[PDB]
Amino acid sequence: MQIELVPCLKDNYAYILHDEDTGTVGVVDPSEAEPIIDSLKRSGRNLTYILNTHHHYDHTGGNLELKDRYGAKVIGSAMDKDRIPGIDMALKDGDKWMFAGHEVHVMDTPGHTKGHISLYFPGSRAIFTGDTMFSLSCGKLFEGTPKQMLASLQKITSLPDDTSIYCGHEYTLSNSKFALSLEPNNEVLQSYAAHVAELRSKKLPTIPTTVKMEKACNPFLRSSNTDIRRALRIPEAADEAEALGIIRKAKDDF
C-alpha cells in the first residue's frame, strides 16, 4: 500500500492510501479538499473513503466536499458519531475494518480529544496517530487527561519497533528544541534532532518516524529518565502519568 503525504494548511499532514492490488484509495484526515483534489487529479483515480482520526477542523475540513465530490465513504470513531462530518462507519476500539482486503486496527487513543482513534495497518507496519503522538511530543490535552494520554501512548508503543508513525503534524523541529532542553545527554535524541534540522532546512518531512525512534527520543515516552525529571522538578514519587502531565504543562508554556 502506497502512503502519500499531503501537507495541507501550514503544517498539517493528510495521507493518501493507495491499494496497489486494485484501485482502492482513501485519505486520512483531509484538512481541506483542495490538496486531496490535486493529488487524485494526478493519480488518475477517484476517492473511495475518508478516515478521520479526530474531529478537529484541521483533520475533517475537506470531508463533506470530498465525500459529495467523489461518492467516498467516511470512516471514523463511534464516540464522535455526531462530530465526524458525513461519517458512514462508526468504528469501535479493537474493531477490524478492511481497506480493500488490508486489515486496519481501530484503537481508541483519548487525550488530545475524547474519541480520538489511531489506525494501525499491520500489513504495512504503519499506524496513523493523528494528534495523539507526534515525533518528540504528544497532542495538546484539550479534552482528555494526562492519564488518558499516557494510556493511549502506551497502546501505540505496544506495537513492533519497526512500526512507522505518521505524526498528524510537522512539529518535529520545535518538539526537538523542547526535548533537547530536557534531555540533552541522550545522544540518540541529539543525533535525531540534527537530522530533523537538515530535512526541515530543505523543506522535507520528518514523517514517518518509528516506534523505535520515539521510544529512544520522545520525552513523553521517557518521563522516568532521571535527567528529564530533575530538569522539570518532577519528584521521584511521581508515577508515569504524573510525570507526563508535568512535561505537557511545561512544553505548552515553553
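Position 1 is the first residue in the sequence shown; the rest follow in order.
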- [ ] Averaging only over Cα atoms, indicate whether 163-171 or 102-110 has the higher B-factor in the PDB entry.
- [x] 102-110
- [ ] Would you tell me which stretch averages the higher CA B-factor in the PDB entry, 1-9 or 243-251?
- [x] 1-9
- [ ] Could you check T53, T210, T206, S224 and tell me which one carries the biggest Cα B-factor in the deposited entry?
- [x] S224
TODO: Determine which member of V196, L66, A216, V27 has the highest CA B-factor, using the values in the deposited entry.
DONE: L66
Open item on the list: Split into thirds by Cα B-factor across the chain's modelled residues, where does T48 land: lowest, middle or highest?
Closed with: middle
Open item on the list: Could you place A72 in the lowest, middle or highest third of its chain by Cα temperature factor, using the values in the record?
Closed with: highest
- [ ] Comparing against every modelled residue in the chain, figure out the third that the C-alpha B-factor of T60 lands in (lowest, middle or highest).
- [x] middle
- [ ] Within this chain's modelled residues, let me know which third the CA B factor of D93 belongs to: lowest, middle or highest.
- [x] highest
- [ ] Determine, from the deposited record, the chain-internal third of the Cα B-factor for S191: lowest, middle or highest.
- [x] lowest
